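The lines below spell out each chain.
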Amino acid sequence: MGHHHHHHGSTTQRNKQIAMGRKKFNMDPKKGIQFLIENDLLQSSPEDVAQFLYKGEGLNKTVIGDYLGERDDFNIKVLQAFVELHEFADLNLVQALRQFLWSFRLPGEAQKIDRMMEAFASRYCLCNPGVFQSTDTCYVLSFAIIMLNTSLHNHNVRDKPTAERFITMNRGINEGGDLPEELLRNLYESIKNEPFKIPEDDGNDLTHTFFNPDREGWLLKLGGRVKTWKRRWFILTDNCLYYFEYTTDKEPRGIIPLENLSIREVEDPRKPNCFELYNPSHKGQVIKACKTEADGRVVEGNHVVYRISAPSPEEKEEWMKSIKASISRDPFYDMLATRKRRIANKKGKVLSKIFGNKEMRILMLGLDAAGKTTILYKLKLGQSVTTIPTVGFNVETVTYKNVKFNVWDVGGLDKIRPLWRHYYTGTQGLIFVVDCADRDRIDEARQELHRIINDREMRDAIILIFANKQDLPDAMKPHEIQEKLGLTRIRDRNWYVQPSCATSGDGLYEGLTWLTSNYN
Ligand SMILES: Nc1nc2c(ncn2[C@@H]2O[C@H](COP(=O)(O)OP(=O)(O)OP(=O)(O)O)[C@@H](O)[C@H]2O)c(=O)[nH]1
Ligand SMILES: O=P(O)(O)O[C@H]1[C@H](O)[C@@H](OP(=O)(O)O)[C@H](OP(=O)(O)O)[C@@H](OP(=O)(O)O)[C@H]1O
Ligand SMILES: [Mg+2]
């Protein structure tokens with residue numbers, strides 16, 4: 001295999017591939033289908049692909065429609081097999097349309113709609129011979145039914161057709177003659193009683209972190225320790241530089257918080273239009289970043305610089321200008337680096353491998369301003385620092401009473417929260433930090449907490465709540481926090497509410513003691 005050795009077993013790996021295949025499909029249907037075929041989870045025939053789409057388990061129905069509408073020879077065959085899996089016999093045209101329109105969402109392009117509705121009409125007529133004199137009749141009536149659905153049910157259409165209007169509107173449609181009055185009336189009445197129920201695509205953008213970015217585009221980037229070049233889709237937004245393998249990916253490959261970095265033009269012997277991201281104040285020091293490993297676990301980057309090649313000098317200039325404008329500049333970052341380096345223990349590596357100490361991966365989440373970063377550095381540096389809001393994440397490893405805690409502190413601002421799920425994989429303990437003086441946002445904190453702990457990737461995590469800011473007047477006590485966060489209901493999980501004051505340190509060691517005592 002050649003992987004780091006973590007969760008490895010049949011059910012684990014197979015379910016992961018299944019989930020990976022679906023995620024890929026929803027970003028790019030051709031690529032998801034190819035992944036599943038390569039991973040022996042799907043057979044390559046049009047009929048097999050059709051069955052996969054027809055079941056559509058965890059598949060975006062708009063994406064299904066996009067794929068089925070394509071002009072490709074393979075896609076045309078998939079479409080025909082897809083319509084063949086629908087049984088329209090002994091159903092009227094509205095009932096058949098209800099069924100078909102549950103299975104996918106119609107694409108926007110006229111030629112794609114036409115291909116799909118021709119395939120539907122042909123199938124309907126084969127299933128119900130003699131009802132319509134031609135496929136054309138069936139196709140046109142299908143759109144008369146769709147237009148009726150709009151006219152009756154969209155408030156923007158003022159004049160609602162009567163049954164008699166619908167009947168007469170369709171005169172001559174049956175290859176020059178009229179369809180049965182009672183058939184048209186039945187169709188009208190069905191639509192009038194119940195609009196078409198349409199599946200609604202929610203969740204495609206898994207995140208919504210990258211919406212309306214400062215800049216995006218393809219670049220080539222050089223690796224950290226292993227100096228290999230990779231083509232990556234970059235998105236610059238909210239003081240972070242993200243990169244992805246494919247534009248269809250819904251999770252980043254890498255995240256680079258733009259904290260006190262600079263940009264320089266460089267010459268490269270093989271790649272054109274190159275620049276580097278680097279830290280001018282700490283030459284040779286690792287740039288804070290994270291990247292995703294094969295199993296989805298986020299890990300720290302190893303870069304001292306990021307060398308990047310743009311496809312033209314124009315795009316190079318654009319990217320440099322944009323990145324420079326998006327750098328978060330603040331003494332805070334230099335303060336952290338300097339203090340960390342002072343108490344940086346070289347021996348720690350030779351002792352960590354020898355004690356062979358086991359450790360504990362921690363994800364620390366909570367609303368913005370809760371106290372997360374203050375807690376992190378109180379633990380890491382033994383001192384209370386003056387923080388600024390965290391645009392991406394901070395990550396530190398803290399040794400406490402023979403346990404090494406690898407602590408991921410993720411920014412809690414609104415815009416960042418859809419990205420929290422990115423950091424779940426591998427989490428052994430959740431620290432959820434709450435501002436106990438903030439009664440205005442306690443219900444919001446409750447909502448966020450339960451979304452986290454109900455996630456499939458977080459089911460096994462023990463839960464430490466830091467009921468923070470106990471120093472403040474009228475701050476909610478641990479028993480109130482227990483109630484307000486709805487923890488009392490949860491009797492099947494291991495959780496604890498630890499009162500804390502991050503700025504004095506009160507309660508922090510107690511919380512770490514609880515984690516060690518309860519981690520199994
Ligand atoms: N009074 C009081 N203030 C605190 C306490 N802990 C943290 N703070 C302050 O609350 C503010 C926000 O704390 P941070 O540690 O930056 O909060 P955060 O959770 O990291 O916020 P994000 O980076 O946006 O996710 C800072 O001014 C801290 O000094 C505390 O225990 N008592
Ligand atoms: O793909 P191969 O040739 O194995 O080499 C990888 C890629 O260059 C990675 O880039 P990407 O993450 O874009 O796939 C890079 O991670 P970075 O993203 O941190 O550059 C790794 O850096 P190191 O882990 O530092 O060696 C490097 O080992
Ligand atoms: Mg913070």
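Residues numbered from 1 in each chain as written, not as in the entry; some residues may be left out. Chains lettered and ligands numbered in written order. Heavy atoms only, no water. Residues with missing side-chain atoms left out of burial classes, pairs and counts.

In the PDB archive, cryo-EM is given as the structure determination method for this entry, at a resolution of 35.00 Å.

By the naming in the PDB entry, the protein chain goes by Cytohesin-3,ADP-ribosylation factor 6 and is assigned to Mus musculus.

It is worth spelling out the overall build of the protein chain at this point. Scanning the protein chain for helices and strands turns up 17 helices and 15 strands. For the C-alpha atoms alone, the extent of the protein chain along its principal axes is close to 90 × 65 × 45 Å. When contacts within the protein chain are restricted to residue pairs at least 6 apart in sequence, long-range pairs at least 24 apart make up 65% of them. (Helix = DSSP H or I, 4+ residues; strand = E, 2+ residues; numbered from the N terminus. Contact = heavy atoms within 4.5 Å.)

Taken together, the protein ligands of the magnesium ion (ligand 3) are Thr-373 (OG1) and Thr-390 (OG1), with distances of 2.0 to 2.2 Å. Highlighted residues: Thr-373 in helix α14 (residues 372–381) and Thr-390 in the loop between α14 and β11 (393–400), separated in sequence by 17 residues. According to the relative accessible area criterion, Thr-390 is buried, its value standing at 14%. (Donors = N, O, S within 2.8 Å, 3.2 Å for Na, K, Ca; no water. Buried < 20%, exposed > 50% of the residue type's maximum accessible area, 1.4 Å probe, protein only.)

A few words on the site of ligand 2. Lining the immediate surroundings of ligand 2 are 13 residues, of which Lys-221, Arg-232, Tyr-243, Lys-291 and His-303 lie closest. One of the backbone N or O atoms of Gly-224 is found 3.3 Å from an oxygen atom in ligand 2. Here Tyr-243 contributes a side-chain N or O atom positioned 2.5 Å from an oxygen atom of ligand 2. Summarising the interface, the protein chains cover 77% of the accessible area of ligand 2, which totals 560 Å² for the free molecule. Along the lines of polarity and charge, the residues of the shell around ligand 2 split into two nonpolar, five polar and six charged. (Near = heavy atom within 4 Å. Polar contact = N/O pair within 3.5 Å; in protein donor to acceptor, adjacent residues only side chain to side chain. Areas by Shrake-Rupley, 256 points an atom, 1.4 Å probe, with all protein chains shown as cover. Nonpolar A, V, L, I, M, F, W, Y, C, P; charged D, E, K, R; others polar.)

This part takes up the side chain of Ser-322. Counting through the fold element by element, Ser-322 comes out in helix α11 (residues 313–326). The class for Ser-322 is buried, based on a relative accessible area of 14%. Beyond its immediate sequence surroundings of up to four residues, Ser-322 is in contact with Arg-215 and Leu-236.

A few words on helix α8 (residues 135–153). Taking 1.5 Å per residue as the helical rise, α8 with its 19 residues ought to reach 27 Å, and the 27 Å between its terminal C-alpha atoms agrees with that figure. For α8, the N-terminal capping position is held by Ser-134, with its side-chain oxygen 3.4 Å away from the main-chain nitrogen of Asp-136. (Expected span 1.5 Å × (residues − 1).)

Moving on, we come to the sheet that holds strand β1 (residues 215–222). Pairing in this open sheet of nine strands is antiparallel, and the strands run β5-β6-β9-β1-β2-β3-β4-β7-β8 from one edge to the other. Two strands in the sheet have a free side with no partner beyond their single neighbour: β5 (262–266) and β8 (298–300). Averaged over all pairs of adjacent strands, the angle between their axes in this sheet comes to 30 degrees, without regard to strand direction. (Pairing = 2+ DSSP bridges. Axes fitted to C-alpha atoms, helices over the stretch in contact; angles between N-to-C directions.)

So, about the packing of helix α7 (residues 110–127) against α8. Where α7 meets α8, the closest approach of the two axes is 9 Å, and the angle between their N-to-C directions is 115 degrees. The interaxial crossing formed by α7 with α8 has right-handed handedness. Residues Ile-113, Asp-114, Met-117, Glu-118, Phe-120, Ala-121, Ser-122, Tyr-124 and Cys-125 of α7 touch α8, and the partners they reach there are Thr-135, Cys-138, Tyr-139, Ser-142, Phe-143 and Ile-146. When the residues that make up the contact of α7 with α8 are grouped by side-chain class, the tally is 10 nonpolar, three polar and two charged. (Left-handed = near helix turned anticlockwise from the far one by under 90°.)

All right, on to helix α5 (residues 73–84) then. For α5, built from 12 residues, the straight-helix expectation of 16 Å at 1.5 Å per residue is met to within 8% by its first-to-last C-alpha distance of 17 Å. Inspection of α5 places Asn-75, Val-78, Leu-79, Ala-81, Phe-82 and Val-83 among the buried residues, and these make up the whole buried set. Turning to α5, the residues buried within the fold contact α3 (46–55), α4 (61–69), α6 (93–100) and α7.

A few words now on the pairing of strand β3 (residues 240–244). The side chains of a regular strand alternate between both faces of the sheet. Across the five residues that make up β3, a large majority, five, are buried. Residues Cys-240, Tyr-242 and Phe-244 line one face of β3 and the alternating positions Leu-241 and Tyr-243 line the opposite face, and both faces are buried. The pairing of strand β2 (residues 229–237) with β3 spans five bridges and is antiparallel. Counterpart to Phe-234 in the pairing with β3 is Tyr-243. Taking the residues that link successive antiparallel strands as the turn, the β2-β3 hairpin has two residues, and the phi of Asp-238 there is positive, at about 45 degrees. Pairing analysis gives four bridges linking β3 to strand β4 (residues 254–257), with the strands arranged antiparallel. Among the inter-strand pairings, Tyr-243 is bridged to a residue of β4, identified as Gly-254.

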